[PDB]
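Note that each Cβ is placed from the backbone with ideal geometry, even for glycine, and that neighbours are counted across all protein chains shown. Here, each number is a calculation from the coordinates, and none is a lab measurement.
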Amino acid sequence: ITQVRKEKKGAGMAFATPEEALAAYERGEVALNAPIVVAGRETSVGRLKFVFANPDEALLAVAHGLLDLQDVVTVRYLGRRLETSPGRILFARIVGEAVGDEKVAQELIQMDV
Amino acid sequence: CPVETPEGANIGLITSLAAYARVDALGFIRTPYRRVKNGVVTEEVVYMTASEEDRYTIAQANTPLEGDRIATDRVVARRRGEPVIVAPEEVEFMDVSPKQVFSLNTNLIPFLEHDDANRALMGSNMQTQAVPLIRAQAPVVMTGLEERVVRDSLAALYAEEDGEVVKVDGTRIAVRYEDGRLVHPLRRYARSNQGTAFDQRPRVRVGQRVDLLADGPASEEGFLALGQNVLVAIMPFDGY
Amino acid sequence: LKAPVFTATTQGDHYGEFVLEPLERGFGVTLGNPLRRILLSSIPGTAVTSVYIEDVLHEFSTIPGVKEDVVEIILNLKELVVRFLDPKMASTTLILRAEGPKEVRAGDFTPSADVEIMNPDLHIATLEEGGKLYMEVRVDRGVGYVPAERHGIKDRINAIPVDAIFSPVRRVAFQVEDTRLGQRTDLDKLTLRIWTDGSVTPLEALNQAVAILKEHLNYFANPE
Amino acid sequence: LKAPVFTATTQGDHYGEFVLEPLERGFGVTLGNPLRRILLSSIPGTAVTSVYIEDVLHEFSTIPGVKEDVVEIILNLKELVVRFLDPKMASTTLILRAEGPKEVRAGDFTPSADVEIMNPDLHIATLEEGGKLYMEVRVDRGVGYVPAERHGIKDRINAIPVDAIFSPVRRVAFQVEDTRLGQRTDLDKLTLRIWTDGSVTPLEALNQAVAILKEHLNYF
Amino acid sequence: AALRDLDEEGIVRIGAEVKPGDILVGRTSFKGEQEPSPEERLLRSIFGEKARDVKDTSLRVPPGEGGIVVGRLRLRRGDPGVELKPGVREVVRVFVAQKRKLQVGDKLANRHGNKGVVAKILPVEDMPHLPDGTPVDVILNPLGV
Amino acid sequence: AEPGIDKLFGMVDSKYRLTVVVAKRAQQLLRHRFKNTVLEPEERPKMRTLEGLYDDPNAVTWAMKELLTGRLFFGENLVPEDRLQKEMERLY
Amino acid sequence: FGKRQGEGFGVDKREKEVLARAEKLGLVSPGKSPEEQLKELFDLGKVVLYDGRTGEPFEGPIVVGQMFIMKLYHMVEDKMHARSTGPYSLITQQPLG
Amino acid sequence: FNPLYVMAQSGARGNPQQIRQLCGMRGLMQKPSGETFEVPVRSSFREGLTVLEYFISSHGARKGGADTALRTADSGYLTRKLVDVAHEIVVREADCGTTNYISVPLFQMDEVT
Amino acid sequence: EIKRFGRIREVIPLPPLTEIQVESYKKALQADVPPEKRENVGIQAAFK
Amino acid sequence: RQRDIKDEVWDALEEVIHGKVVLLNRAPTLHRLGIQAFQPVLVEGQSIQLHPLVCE
């Protein structure tokens, strides 16, 4: 759960998610490449919540028939608007409640690689 | 001689003999088998080196239309040879069977061609202490070599001359209307030297012949059945 | 919706597909799995527990005049099943005086009511020219899997205790479809299917699980 | 013995820690997973469903005079929780607006009545010179998790539908370790913890799964 | 009773299930190595019994034997058809059997090399249930080979 | 590990000097007189099995917790090793 | 599948999501209904398969089939030992015999 | 994620050179004495060897077992020498006071260049 | 159930496999053989 | 006499095995990481299990 989800969808474009957001959701270009405004297909399931009681929408959507998990690229809220998938979030959440607060694992655990 | 019989403490010192080895005047030096592509098998000892040879690989009615007959002389195997003639063979270019390489114990292995030596080594030794079982479901995939491992080892019994068993079964197999009246008494669970005790249950009634007659320790219908085959599934489970 | 249509097509002492239709996306397996769990577990079934040959002392032997052996006849008996048409029965001893050249099926035992044999034939043995297979066997109602630990007394001598497999239900599974009108094709469809009838009707098996499941669900009431 | 000791800790609103001891080897998960599968779902909940911010026209924009942005304020609103003091309350539209240089908390919203706000503060946003933040928001009682699929009409134009988390209960999990208070050390040990408190007490969340789990079984 | 019940005449009866810590060949030896002890003569007179001159000295089942006997064999002197050790008399020889079943552990190792050990045997209930019954009897996870 | 074991190393200058104190105390904490523990209130180490709550028969655990209450003392002190019997004498 | 398809059903939801795996996973080629996707998945693999303990099927193509499970002579019972002061071997000054 | 042969090769429980063996073809085996054979081995396990490839590859798969097992002949009876020498070495006292010191090299040379 | 996957099965495997033993008490142990013939190899071998 | 107690004794045994560790060893031995100690937690059967990591 961290070996990228890039399944090769192509490279489309939307005027801030109003075009290739619903059309591409039907056929071709899923949740991989494709850039829009700046980010990409990350705009789909914005996991809100906060550093209060872990990302609700995150693990919540994963449990149901939504987030495929296994790191499918998703925007959380944790401590800042990131791109980390709910998969890695679990890891940081496991070591979090384990010892004490993600404050330590956050500055320790990497994200780039 | 095989290349996966030893163990550890004594490597090279403890191996085994080939299936198609030890024949004729073995009293002096070993002598393998070699086919001449024609109905005949010569035994010119191991020192053989006449017109190289070829291992059982791709045949076509005596004269394989391979064009590149996989040869193997001495050490390396110079591509091929192919005398390009309707002659017998390259003096002895034929292994007859791929069982001549590995030991009669290794050839038993089902798909013996997808693992390493060491890997297959341990498994080969497992057939030496597979502790017989009354069940013996016999492994699905099994070479037609075990057909003799049940009779040669005399694990089970035999049937002389004609048939007509009229078996009474129990602990003393009946007789056969072949020549005289001889009752075949089972080993009665007998006794083992490793604390196992093998038994031999029969399989007949009224009369029948061909020529198995009553199995042995870990066997089933003349089929060598050491362990037991059961549906399995590859996957991790909690860490068990 | 609300109240679903619980359908059941019992075949009569085997099979018996039970199907539910309207539910909620995320409950088709929430109710199904838990039940099957109970079936292949805590269920008052019946099976052999102790036997007693005749001229044979213990299992490690052989019965003269019989094609099979002690251990053999014992194993085949493990697959035999009997019903108790009376909740007042705790255990019924059975007798088997086989004769000569025959196969001695299952229906050749003691033709006593109170208990039936839903599994004819059952090659138990095949004695010929022996004329001796008198073997006493006890059978009691249990629950689960209990080996040879409850030393089946009775005879108190050579009553070699045989493994117990009281469990009536065996091998179970289910599926979840999706085509129960209502609204939104996101609904589920429970359709469990017991594939066994040890000694209890498929229907009973279900009610049993659901019932026992409640007794264990009531514990989650008053805390501490 | 036969009757297990059902112990519960309960911290107050959140984290309870319910533990059962005596059982049977093969039940610890038989009656532990089914429950947590009802919590995350069918539960009389309540959450945000639709919102409307003036001046703005979508979600991927920004509110002038506000440190945060549309998407930002929207996310923080997903954590907000309300309570309907009357069964006869389908939905309840809310209205927001307040001063300039202040961190409009959660209690600053419409001081209604039939609905209460458990969680105070709740960041929300922090506008400054820009004295505008008029944002209409609709709430509604639901069940499990329902993303932006219900549309959230209301205003009809610019009522950007926000995800719905009307499931008081959130992330949940348990465990099972073999003990031996009774006989063999094969027995199990339940212990299911509900790390959530969306509006209902941890205790009520349990009795609500066990109850609803019964009716569905009574169908047979 | 544990004696007279399954012993009698000395050797144990054939076909008698015996467990570890029981008698099998209770032989008597007049070998007097330890004479009566001082304060021991009291506990010997206190009870209803007296003294001794043979001691228990028996076979006593070894640390592991829960089965049944198949048959014995008395091979004492007086028989010129038995090459035994000089000065030896009565060479009891019994055969004890025992069913193995299957607990935890042991080596499987098929016919390729993948060898392992039985960890835990979860009763039916769990285990991967095929979409038609027949629950996975054995699970062979990779790692190792 | 041990409940607050790392905190035990900080005090003792050596990891080996700690062990000695752990046992040296346990020798006169349960065997000498079970009524010599500084931890008597609600901090009294106890077990909770099927029965109820009782004091664990093992004293080696008490030492680790007893050498954390800030009390006690270790190191070269009181040469007379036969005086320990005098102090223990008053404790019956 | 013949029995299932003729038993009174065909293709399961839990047996449908598993395909969504192989699909992108590059395992099963996308095209016709789950019928063929479950076919090729059987040739080199096995059916979806589930978990009797948890409740939901193992998300991912798992293999199943009959091979061969033997048993070596070395067990556990006759390969274990335990003692105290009972053992002793005079002259050797060590527990033996 | 489909290929597990790499999931462990990257970092879990797999060897890189162990891959070139299976799907690879590894056959650059050397004679028993010392002389890389002529033609390599037609590995590709999926396709049974020419009955000669295994017999040829075994020559090298022999030293890889007799060497490890021969680690109890001499090498195994050498570790004792190590434990004997350093024996009375124990960290005691407190601050001895020694002048001469050692300067560990931060950079080493390469015979090649 | 016979799904034979063997091609060209010429001469069978050298029987009875256990010939090393036979050629041990038949080549050396010239017991069950009239003393009129037989060379050495075995008894009559080390004997002479 | 292997009377199979399995009654009460298994309880008193816990009090003794409470905070009292045991030394598990591995043969052959290699390096300081060849012994270590854990806390005995009697399970079932006879097989003695340990934590995976320790194998390394």
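Applying the Karplus relation 6.51 cos²θ - 1.76 cosθ + 1.60 with θ = phi - 60° to region C:81-96 yields 3J(HN,Hα) values of 10, 9, 9, 10, 7, 3, x, 8, 7, 9, 4, 10, 7, 10, 10, 9 Hz, where x marks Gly and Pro. Taking θ as phi - 60° and the Karplus parameters 6.51, -1.76 and 1.60, the scalar couplings of region D:180-189 work out to 5, 3, x, 10, 3, 8, 9, 3, 9, 5 Hz in sequence order, x denoting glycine and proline.
Extending 7 Å from the Cα toward the beta-carbon at both D:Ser91 and H:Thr68 defines two label points whose distance is 6.8 nm.
Please compute one quarter of the surface area of the Cα convex hull for region E:16-128 and express it in square nanometres.
16.1
For chain A, what relative contact order do you get, as a whole percent, if you take Cα pairs closer than 8 Å and at least 6 residues apart? Walk me through the numbers before you get to the answer.
On the way: 164 pairs, mean separation 23.4, N = 113.
It comes to 21 percent, rounded to a whole number.
Inter-label distance, G:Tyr88 to H:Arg13: 4.8 nm, where each label sits 7 Å from its Cα along the C-beta direction.
Can you bin chain F into rounded, prolate or oblate? Criterion: square roots of the alpha carbon gyration tensor eigenvalues sorted a ≥ b ≥ c, rounded for a/c under 1.5, prolate for a/b above b/c, oblate for the rest. In terms of gyration-tensor shape, oblate.
Which value at 222 nm does chain E reach when only helices count, each DSSP H run of 4 or more adding -39,500 (n - 2.57), with the total divided by all residues and rounded to the nearest 500 deg cm²/dmol? Walk me through the numbers on the way to the answer.
Working: 2 runs with 12 residues, N = 145.
Using -39500 (n - 2.57) per qualifying helix, the result is -2000 deg cm²/dmol.
Relative to the longest principal axis of the Cα atoms of chain C, helix C:28-39 runs at roughly 20 degrees.
Relative to the longest principal axis of chain A, what angle (0 to 90°, nearest 10) does the C-alpha long axis of helix A:86-98 take? That helix lies at roughly 10 degrees to the long axis. Pairs of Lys residues in chain G, spaced 8 or more positions apart or belonging to different chains, with C-alpha separations under 20 angstrom: 17 in total. Calculated [222 nm] ellipticity per residue, helices only, for chain C: -5000 deg cm²/dmol; basis is -39500 (n - 2.57) per DSSP H run with n ≥ 4, divided by all residues, nearest 500. For C:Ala8, the residues 5 or more places off, or on other chains, whose built amide H falls under 5 Å of its own are C:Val19. Our helix-only sum for chain F, with -39,500 (n - 2.57) per DSSP H run of n ≥ 4 divided by its residues, gives a mean residue ellipticity at 222 nm of -9000 deg cm²/dmol.
Less than 5 angstrom separates the built amide H of C:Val48 from those of C:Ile165, all sequence-distant by 5 or more or on a different chain.
Between B:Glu178 and I:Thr18, take the C-beta separation as r, use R0 = 22 Å, and let me know the FRET efficiency to the nearest 0.05. Please list the in-between numbers first.
Numbers: r = 25 Å, r/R0 = 1.14.
Efficiency at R0 = 22 Å is approximately 0.30.
Distances between placed amide hydrogens fall under 5 Å for D:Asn119 paired with D:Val81, all partners being 5 or more residues away or on another chain.
One Cα centroid belongs to region B:22-85, the other to chain I; the line between them spans 24 Å. Axis of helix D:202-218 versus longest Cα principal axis of chain D: the two differ by about 70°, to the nearest ten degrees. Rounded to 0.05, the FRET efficiency of the J:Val41 and A:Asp112 pair, given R0 = 51 Å and the Cβ-Cβ distance, is 0.75. Hey, in the GNM for chain G with a 10 angstrom Cα cutoff, which one of G:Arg21, G:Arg83, G:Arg53 fluctuates hardest? Judging by the Gaussian network model, the answer is G:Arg83.
Can you bin region C:45-166 into rounded, prolate or oblate? Criterion: square roots of the alpha carbon gyration tensor eigenvalues sorted a ≥ b ≥ c, rounded for a/c under 1.5, prolate for a/b above b/c, oblate for the rest. In terms of gyration-tensor shape, oblate. Applying 1/(1 + (r/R0)^6) with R0 = 35 Å to the Cβ-Cβ distance of A:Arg27 and D:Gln175 gives a FRET efficiency near 0.20.
Sorting E:51-59, E:7-15 by their mean Cβ neighbour count within 10 Å, with the most densely packed peptide first, gives E:7-15, E:51-59. Rounded to the nearest whole Hz, the Karplus-based 3J(HN,Hα) values (6.51 cos²θ - 1.76 cosθ + 1.60, θ = phi - 60°) of region I:40-47 follow the sequence 10, 6, x, 4, 3, 6, 5, 5, with x at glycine and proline. Spacing of the modelled spin labels on G:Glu7 and E:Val138, each 7 Å from Cα toward Cβ, amounts to 2.5 nm.
Could you grab the relative contact order for region C:45-166? Cα pairs under 8 Å, six or more apart, rounded to a whole percent.
Working: 277 pairs, mean separation 49.6, N = 122.
Dividing the mean separation by the residue count of region C:45-166 yields 41 percent.
For region B:181-203, list residues with backbone N below 20 Å from a point placed 7 Å from the Cα of C:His123 toward its Cβ? Counting only backbone N, you get B:199-203.
When you restrict to C-alpha pairs under 8 Å that are six or more residues apart and normalise by the size of region B:43-123, the relative contact order lands at 29 percent. Classification of region H:1-98 by its C-alpha gyration tensor yields an oblate form. The axis ratio a/c (a ≥ b ≥ c) is 1.5 or more, and b/c is at least a/b.
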